[PDB]
């Protein structure tokens, strides 16, 4: 009928050797589809329609304190296929920027419409935006960032997919 | 008075032992060391169930009583290395005393799980079972241990790390007996 | 649906010749399973789950007054397979000790959980403890002890076993 | 906030165990049997010191704590034979844990000593040391055991007697530790 | 007749090269006898009986901040000859644990009886416990710990020893 899930889950993880990662180097650009969240990924294989109530992100990077580069992150509510720059992430509401040893918190501005789980011909009805984390400095040592999520959603209309 | 065939036994208070105790404290669980280079993501540092044996003052006092019920139970991680390490860890608490959960996704999912770098210590406020368990061993594990602690590394540490997890327990042992371990 | 039985029934009976029965000699060690009580044995072949409300024991030994040994009894809420000594029965709540011509009353401390009737892989869910009656003296003549019970239980969830 | 060389260890409650417990109960001390004809006057039936080992639930709980202080301590004799025996006994309690008092005159002299026939049971309300002792063994005996129980026959019994002495103890173990016996 | 001394004094000092000192490695295990404290050592060669009023310890380790091991300490009021482990120090009241660059404060639970100064056949009457400081990590560089004390005592009954 109608549920209300919470959770906290890894979205993605990337590793960067030294020398790589000038300004504008995209570390991770992935849309918020149910296939990426693990516990919602098993729960959106049941239902059909969900609507996010609150949704927040944390970056949680892991490097020694002698790194001396930095990152920027944001949340773009166009799930298009072209925003690869610093200035699109500058404009948005709830963006963060810090050095590589510091964790910050993205409090985005989502859509609060009512979406679908499966794929379709239109992209705007199945994912409420994109996360983009791109390096702004030029790092010294190997970093290892591990972005988290904090999702709360209200899945309904029971079915079953065959992915 | 006069003299019968046998006077009755005057053992008055027989089998009237103590009933309710409250033991608290803090004791470690386990401790390991990892050389440099070893310890990629998913490498299990420590996985030891909370049986009353690993808490040492409780295990000498649960050999008397039969049943215990954990009132408050918290954990502290305390890694020991300078701020030039740069790997990380993830800690959790899984109330299954089963034998297959070895991934980052299972540990992050539970309630009150933490993740931090090797030069930073965190604190677990877990979701324990709050039931009333047994002390002696048996065939089924789900009645004698309120879960497992699993701690595993997530990065690739640079120097030698040295973690030492602890445990702040409080319990209310009752129903007196004495067993043989 | 839900019943409430009472009763009073023989658990076991043993006989001891002269010379036998030093201290620590087990006369009867049997768990409280429904197969031992007679009227509950016919009634727990119907239902599946029972929960004891009140349960008490009496020893009722029968010997002439020139016996001059004694016994101890108790109730151990571990239905394990190893407690054969005096000191495990010493510790428990509601133990008794008297000479062979005297009856005493065990008022135990049971579990008040909700158990099963049939057998299973785990022993703790099918029997709320053990009765142990062991001689503490070194008797003179032939005794004949006959322990009783006084059980009250609330059987439910109807089925039928095939023992 | 900013990033230092090493964050301080946040182990908050370390070494804050329980302090005061009160254990009571009843447990036997020893038990013997005497054939007919044996057991003239002065024959020692039972002579065993009250070390915490002979009380079995206390000995599994004094392996934690360091010091105990006996609050109340009483004894019950309970012989088992019919009224055709006609010998006797004498019971006492000597607060020396030494090793030479084997006569009727030493046992009758103490406070709260009893004497009766074999078909009658009595009760000892002794004069214990009421100090604050230790639990582990050492060179000196006078700091770890609050006296001895000595019971010996006084007549010449006719049939087989069978005595079974008991002990009603209550104690207040404290100052937590853990030893190795 | 009766005095009241205070003070602050070195108990012991040890040095540990790199590689040595795994978990359970005893750095210093010495009883609190008057022969170890310096100012009380000259004052307990006068009198015979003392009784500690307040007595506290500090660890004061000295190493660069890149050490990354740690220690544990405590106070065991058995002056026996066998407690060499972590778990005996875990149980006691007023134990401390920190990394090698950090000083902590032991506030023990002593005996407050009235003791002797000289040696004797029994150990329990001449020393109110033991200090045990043992490494719990596996250190990187050379540390140099220097434990202190803070003793206050009330010596009496004048005599003179010949050690």
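The first chain written gets the first letter, and so on, giving A, B, C, D and E; residue counts start at 1 in each chain.
Keep this in mind: a residue touches a chain if its C-beta (ideal position, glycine included) is under 8 Å from a C-beta of that chain, and two chains touch if they have at least 3 such contacts.
With every chain reduced to the mean of its CA atoms, the largest distance from chain C is reached by A. Overall, the chain located most centrally, as judged by its C-alpha mean against the mean of all protein C-alpha atoms, is B. Rounded to whole angstrom units, the spacing between the C-alpha centres of chain C and chain D is 31. Mean C-alpha positions place chain A and chain E at a centre distance of 55 Å.
Rounded to whole angstrom units, the spacing between the C-alpha centres of chain A and chain C is 64. With centres set at the average Cα position, the gap from chain D to chain E is 35 Å. In chain D, the residues that touch at least two other chains are 3, 5-6, 9, 11, 14-17, 25-26, 56-57, 64, 82, 176, 178. Of all residues in chain D, only 25-28, 31, 33, 56-57, 80-82, 84, 159-160, 162, 164 touch chain C in the complex they form. For chain B in complex with chain A, the residues that touch the partner chain are 41, 83-88, 104-105, 108-109, 113, 115, 117, 154-156, 158.
Listing the residues of chain D that touch chain B in their complex gives 3-7, 9-18, 21-26, 56-57, 60-61, 63-64, 76, 78, 82-83, 119-121, 123, 166, 168, 176, 178. Listed in rising order, the residues of chain E touching chain D in the complex are 65-66, 68, 70, 74, 76-78, 80, 82-83, 87-88, 90-99, 101-102, 109, 121-124. Remark: chain D residues 5-6, 8-9, 11, 14-17, 19, 64, 66, 134, 136, 138-140, 143, 175-180 touch chain E in the complex.
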